[PDB]
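Right, one structure below, let's go through it.
Don't worry about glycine lacking a Cβ; one is built from the backbone with ideal geometry, like all the others, and counts go over all protein chains shown. Computed from the coordinates by the stated procedures, all read-outs in this text should not be read as laboratory data.
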Amino acid sequence: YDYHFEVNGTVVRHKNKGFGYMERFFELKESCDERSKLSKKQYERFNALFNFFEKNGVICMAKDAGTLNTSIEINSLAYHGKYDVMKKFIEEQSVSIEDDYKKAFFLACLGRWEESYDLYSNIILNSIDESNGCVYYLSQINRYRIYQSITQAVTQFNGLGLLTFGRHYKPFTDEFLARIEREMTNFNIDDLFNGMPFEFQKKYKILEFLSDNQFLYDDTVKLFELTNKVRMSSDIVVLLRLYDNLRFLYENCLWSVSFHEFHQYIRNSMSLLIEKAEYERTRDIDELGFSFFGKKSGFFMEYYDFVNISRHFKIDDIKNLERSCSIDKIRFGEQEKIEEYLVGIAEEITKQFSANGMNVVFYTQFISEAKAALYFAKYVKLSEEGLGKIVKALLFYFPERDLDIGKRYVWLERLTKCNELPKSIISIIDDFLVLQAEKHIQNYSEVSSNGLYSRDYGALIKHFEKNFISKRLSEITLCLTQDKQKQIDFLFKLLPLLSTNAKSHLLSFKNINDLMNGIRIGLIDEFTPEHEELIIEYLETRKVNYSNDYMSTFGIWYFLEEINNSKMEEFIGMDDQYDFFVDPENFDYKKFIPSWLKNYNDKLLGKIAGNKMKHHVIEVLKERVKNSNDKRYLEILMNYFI
Amino acid sequence: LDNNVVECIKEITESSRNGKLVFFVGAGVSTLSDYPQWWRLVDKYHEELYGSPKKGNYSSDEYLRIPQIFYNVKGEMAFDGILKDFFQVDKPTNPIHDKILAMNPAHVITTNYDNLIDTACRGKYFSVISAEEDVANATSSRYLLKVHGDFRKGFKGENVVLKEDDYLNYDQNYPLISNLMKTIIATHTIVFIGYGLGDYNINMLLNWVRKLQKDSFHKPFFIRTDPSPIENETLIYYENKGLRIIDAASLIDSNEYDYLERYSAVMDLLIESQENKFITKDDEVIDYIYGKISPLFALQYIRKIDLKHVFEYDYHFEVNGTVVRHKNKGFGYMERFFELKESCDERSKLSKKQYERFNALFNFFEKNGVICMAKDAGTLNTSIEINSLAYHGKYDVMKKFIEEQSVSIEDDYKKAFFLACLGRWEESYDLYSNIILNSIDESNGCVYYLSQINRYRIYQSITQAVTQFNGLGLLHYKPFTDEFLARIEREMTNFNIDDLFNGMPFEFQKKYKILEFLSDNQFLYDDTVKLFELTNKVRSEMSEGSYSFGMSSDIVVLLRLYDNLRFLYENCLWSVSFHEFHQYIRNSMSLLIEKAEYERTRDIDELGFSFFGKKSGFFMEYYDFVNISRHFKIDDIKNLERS
Amino acid sequence: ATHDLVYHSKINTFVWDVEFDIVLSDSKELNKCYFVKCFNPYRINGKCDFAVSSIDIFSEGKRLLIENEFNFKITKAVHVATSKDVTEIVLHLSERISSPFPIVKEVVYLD
């Protein structure tokens, strides 16, 4: 406690009551005439200390401050996820014990926990001499952590989640589990530091907290400051402390980076930082000026922040970040390095799927990062080649058991929002849907969770490319027969993409139920007079009959100016919805209630917004908002009716 | 099993958990690894000296007389050559070595001259002492005391006690090692292994322990592994001489030529019983619960969460008052205790002292609000009540309470807290010093620790106030005696707060385990992480517009809040002074107010479920109001008014 | 126990832990089945465009093809987790709302 070392790279005297050795040292390093008064051994010791302080980013006192660069960089290969480099470095022969330690950490990071444990045991056995316990000690810690992880995996893997092939293959054998339990039957880590030689305890006092089960309590507690609503900056100090912690944990090859506590700390820090930035921006724009502040948030985030977000965030946390602190108004950083990261992770997932030699633990530890990365890749401008590679990896080589058709449709649609659709990805999507048609050949059925299917893809293509024609589907459907029905069903589900000849050919392959089924998916897009006559007959049958909601769709259809018939005025008398959708001028609005208002889509609400019953709906929305502060009612009022 | 054996096992386990176990490893353990015994060398010397062997004339003294004759006749080089020839082999370690190391002994004293017990430590660091100069360069605080001169320095015969003359001049040759052995034996708890009941070393040690006073030693344990079950008279005589004997025989039984199985059975029994707590009927359950609870009686109130630390993660404790089995494999004392609490009839099956201790435990659990388990939990109602005068804010009350003389040290501690919250920090420091000085007497020491922490806290408070509040708007009062500002400096200079708890009696570190968290910000992290997570969840429900018709999550937050405040105020602690606590309280209350405001308005509640019932509702009382007025700033109040 | 019940705002629906033994029209009796609703207001639909939320019905966890949507024959509701005939409340609540389907297992927010 002699000196306070502020995170920005400065020092200050705090409780030094003796000679100011820090000031003398920094004066000696500042000038050249200060040197040459010291012996050769002192000269080389000062040179080594200067090099160490340069590598550690310590500059000078706060009096001689001004424009501190504070540029961070981490040169640990495992951080950047260059897995091929770790794979090639593992097989290479190791020279010294430090290379063995780094190899053990790399093996642990790759899911080969067996070899990591054996290597740690061998390292502990070999090196016990000298005051280099700084390796030995750390080795023990890593080993213990690995063991903990191993047992946790077991009690999480063989206990639940039988969806994996077999009984999860039992990734670790039972004999090794018994040996693990035998070697660590009563190992206590809290007394590891005390038993080591007293000179080690004197020198390496700073490494004590590693043996504790919790060591991020101080930063997590200090995170409270960002919630201060009152009017260096605390964002700078918090972010720099986070970078310091990440650099220390990753550069020294410590396994404690793979625990839940660190992930929770990372998520809390990032979420609080983004919340503070957005709150400050919104308060400034509300108070200072509508566009004087520029309406752009000052929190720039870069490659390091993106990789941290990808690594340590789950899906729902990113969902919270986007719905509360929307990032579309946040500007990115260097897009090129982000593109390199994305192409690397896509290459990794492609290799993992293709080689078929998957490892369950690495599977679980990596696809979380993968899904986070692809989900967050929406906000980055990406070149055509990177887009093609990412789509190729995601559409085909992403395993079914984690990503289904519906969520893959989410990812792809979310990816191009700002990336557009050059010819390449339309070609690759056409290839994917052609392959899907091939696999439809039967006891086969697509599974989705969000109720979406492959047809959406074609619609999206038709949304972006109206004139595109898929020839391969035409070739498939020319040879198509009627023995197998599911394939032609998929063919009508992809009707617009086909050519006129294919459409005419399939038209030969197909009461009010038939018309309703065709119109639900939209095969008979037009309204032929025969269909209108069937409509009249069904309405007359209902009227002479006089409750599922099937006829209100017909009033909606007439409201869409798609039914050119004058007999809809004579079939009213039961439902207020039909009268409103056919004769709104004479309609009684006492029976009108806004429950159906939350069911129409953009086109219907836009059409009804400009139609002139507008005062009736405006007063209905007024009263509904007054009695209850429903988000949907106020939102629809603002976006459509104002 | 025999009751005395159970008692010995319990004492050995208790000593092992406290790091006060020392193993006296004999020569039979090294024999199990097929190490060449001494009698082989004796016979070889007999052969090389005379020319023929004879087993019949091999008494106890011959084992030392024959090598001495060989050394005195043939010389020294022949002795070293024979020793090198017969002791250069290397042998694998024993499972018994791993079993003894797995008990975590503080020191290991061995009379062997082998390397097996060393090469067995696997990843354990021991400072090996086998000579005279090695006791001065002890690099660590854990001793592997090879009493009889290991062969590390070489295979010469002058480095090990084998012949008779060396045994005669042992005290004159090895004073330091003998003194160290006797000190270790007097301090820690000794467990012998691999020794014959008639061996020379045991007899010498008994002769030495005879000279000691009748009391003032811990009777060493002797684990005997011999084919013949021991006799009653020999056992009683050796117990009278000062040993407690546990015999491997009469427990497992085997043939005459097998030795590994008996050692294995004894060590497996010890290791298995280490984690197990010997609980059979209700009396043991209540005794153990009282033993692990009673030190907490000094504090007025403790929060429910850190209870999970007292029981060593044996039972997850929820804020609402329910408990859930987490890492318990034994009798399940919580289940039986709850059954005893529910059923009045079974309370008559306990002895009077156990009945009184159970009554005290039940009262303590009722004050803490622990209700029952999760399955038996129905409609649980929790009241909020704090008995701190300073919390309510009737300053005349503790003014006229500090006016007069107190009656006990705890009363003085209350006076110190009241003075600290009354602004007279000088008198607060003076009376805290008076307390820590008037406390030379204590059966617990908790008051001493708490007073030291509070004194350091108020010291930092006055230092920060003096240093910062000088140009903040003061312009000068900063009123304190000039000598006082240097007295606090020189006095509270070397006093480090991180190592405070590490320097307290070994039982205090075992009983008041939770209080360590008071020395730092630790006592907030475990709760603030949950607060952040629940904040995120509640805001997600806020954004999606979902309405919950069951029980809301916010109650959990609320409970934690109140508990924290009570634990900080009923114990009269100055830690409520910092701004971290204020920020935490402010965040929790902002969350609660926002959630209540959102739950105030609904759409379908009236039409529909309203007939079934109505649980929704939120209310500010006295407590909420005082907390708002104390732990909030004006701008945040304006912000929440706007929101 | 109505803890499961979660009521939404943008769709005005219920989410329970129950299961339905629906009977289809024309005396077509069905086994246990359940509903799943997915809300998507940004769908770029075609000429047939009225609904924002897609409702799907699955029997035994398998997608059941829908041709005649005439399942106005009530059901016997069983609270899948605790297995209780919540059916009476099921009607109590379905007769009190205008939504065609009052209870779904969960609502998927694609928006």
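Reachable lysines from B:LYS182, Cα under 21 Å, same-chain residues fewer than 8 places away excluded?
B:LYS20, B:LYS146, B:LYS211, B:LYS214, B:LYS219, B:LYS241
Return the FRET efficiency for the residue pair B:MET77, A:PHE209: r is the Cβ-Cβ distance, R0 is 60 Å, and the value is rounded to the nearest 0.05.
The value I calculate is 0.60.
Where the centroid of each part is defined by its Cα atoms, how far is the stretch B:149-165 from the stretch C:44-111 in Å?
If we compute the Cα centre of each part, the gap is 90 Å.
Can you list, bin by bin at 20 Å, the percent of alpha carbon pairs in the protein assembly as shown, starting at 0?
Bin by bin from 0 Å, the calculated values are 7, 26, 32, 22, 10, 2, 0.
Note down the magnitude of the dipole of chain A about its Cα centre, charges +1 on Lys and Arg C-beta and -1 on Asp and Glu C-beta and zero elsewhere, to the nearest 20 debye.
880 debye
Given labels modelled 7 Å from the Cα in the Cβ direction, how far is it in nm from A:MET574 to B:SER543?
Spacing of the two 7 Å Cα→Cβ label points: 4.3 nm.
Could you name the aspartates and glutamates in cross-link range of A:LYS631, using Cα to Cα under 16 Å and dropping any fewer than eight places away on the same chain?
In chain and number order, the partners are A:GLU623, B:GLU541, B:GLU544, B:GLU594, B:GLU597, B:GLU599, B:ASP603, C:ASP111.
Relative contact order of the stretch B:1-90, please, whole-number percent, based on alpha carbon pairs below 8 angstrom and at least 6 residues apart.
Relative contact order comes out at 21 percent.
Let me make sure I get this right: for the stretch A:335-479, a, b and c are the square roots of the gyration tensor eigenvalues over alpha carbons, sorted descending. Under 1.5 in a/c it's rounded, otherwise prolate if a/b > b/c, else oblate. Which is it?
Here the stretch A:335-479 falls in the oblate category.
Using only the C-alpha atoms of the stretch B:137-220, find the volume of their convex hull and express it per residue in Å³.
136 Å³
For the stretch A:476-509, run through the trypsin sites (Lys or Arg not before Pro) and keep only the ones in DSSP coil with at most 12 other Cβ atoms within 10 Å of their Cβ.
A:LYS484
Give the residue list of GluC sites (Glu not before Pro) in the stretch B:157-250 that are DSSP loop and have at most 13 other beta-carbon atoms within 10 angstrom.
Filter output for the stretch B:157-250: B:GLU231.
Where does chain B land at 222 nm, in deg cm²/dmol rounded to the nearest 500, when only DSSP H runs of n ≥ 4 count, each adding -39500 (n - 2.57), divided by all residues?
So the helix-based figure for chain B works out to -15500 deg cm²/dmol.
What pairs in A:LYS567/A:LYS607; B:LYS124/B:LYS153; B:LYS327/B:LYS511; A:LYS229/A:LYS329; A:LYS329/A:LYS462; A:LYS389/C:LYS105 have C-alpha atoms more than 27 Å from each other?
As for pairs spanning more than 27 Å Cα to Cα, those are A:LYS329/A:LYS462; A:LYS389/C:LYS105.
What shape does the stretch A:63-127 take by its C-alpha gyration tensor, where a ≥ b ≥ c are the square roots of the eigenvalues and a/c under 1.5 counts as rounded, a/b above b/c as prolate, and the rest as oblate?
prolate
Would you please classify the overall shape of chain C from the alpha carbon gyration tensor, given that a ≥ b ≥ c denote the square roots of the eigenvalues, rounded means a/c under 1.5, and beyond that prolate means a/b larger than b/c while oblate covers the rest?
It is oblate, given that a/c is not under 1.5 and a/b is not larger than b/c.
Just in the stretch C:9-83: which chymotrypsin sites (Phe, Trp or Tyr not before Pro) are loop by DSSP and have at most 16 other Cβ atoms within 10 Å?
C:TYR42, C:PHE50, C:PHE70, C:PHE72
For chain C, what is the calculated [θ] at 222 nm in deg cm²/dmol (nearest 500), taking -39500 (n - 2.57) for each run of four or more DSSP H residues and dividing by its residue count?
-2000 deg cm²/dmol
How far apart, in nm, are two points set 7 Å out from the Cα along the Cα-to-Cβ line at A:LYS567 and at A:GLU91?
Label-label distance for A:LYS567 and A:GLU91, simple model: 7.9 nm.
What's the FRET efficiency of A:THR151 with B:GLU312 using the Cβ-Cβ distance as r and R₀ = 22 Å, to the nearest 0.05?
Efficiency for this residue pair is about 0.80.
Report the per residue volume, in Å³, of the convex hull enclosing the C-alpha atoms of the stretch B:231-334.
In the stretch B:231-334, the Cα hull volume divided by residue count equals 170 Å³.
Hey, what did the stretch B:225-331 get for relative contact order, percent, Cα under 8 Å, at least 6 apart?
It comes to 16 percent, rounded to a whole number.
How high is the relative contact order of the stretch C:1-97, given as a whole-number percent (alpha carbon pairs under 8 Å, six or more residues apart)?
Across the stretch C:1-97, relative contact order equals 27 percent.
Using 0.36 nm times the number of residues separating B:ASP2 and B:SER59, minus their current alpha carbon distance, what extension gain do you get?
16.9 nm
Taking every pair of Cα atoms in chain B, average 1/r, invert it to obtain the Kirkwood radius, and report Rg/Rh to two decimals.
Using Cα coordinates only, the ratio equals 1.10.
Straight-line reach from A:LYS543: which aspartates and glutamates fall under 14 Å, measuring Cα to Cα and dropping same-chain residues less than 8 apart?
Straight-line reach from A:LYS543, under 14 Å: A:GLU569, A:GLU570, A:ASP575.
Rounded to whole Å, give me the distance from the Cα center of the stretch A:162-214 to that of the stretch A:100-133.
Value for the Cα centre distance between the two parts: 12 Å.
Rounded to the nearest 0.05, what FRET efficiency do B:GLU621 and A:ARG231 give with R0 = 25 Å and r taken as the Cβ-Cβ distance? Could you check?
Using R0 = 25 Å, I get an efficiency of 0.20.
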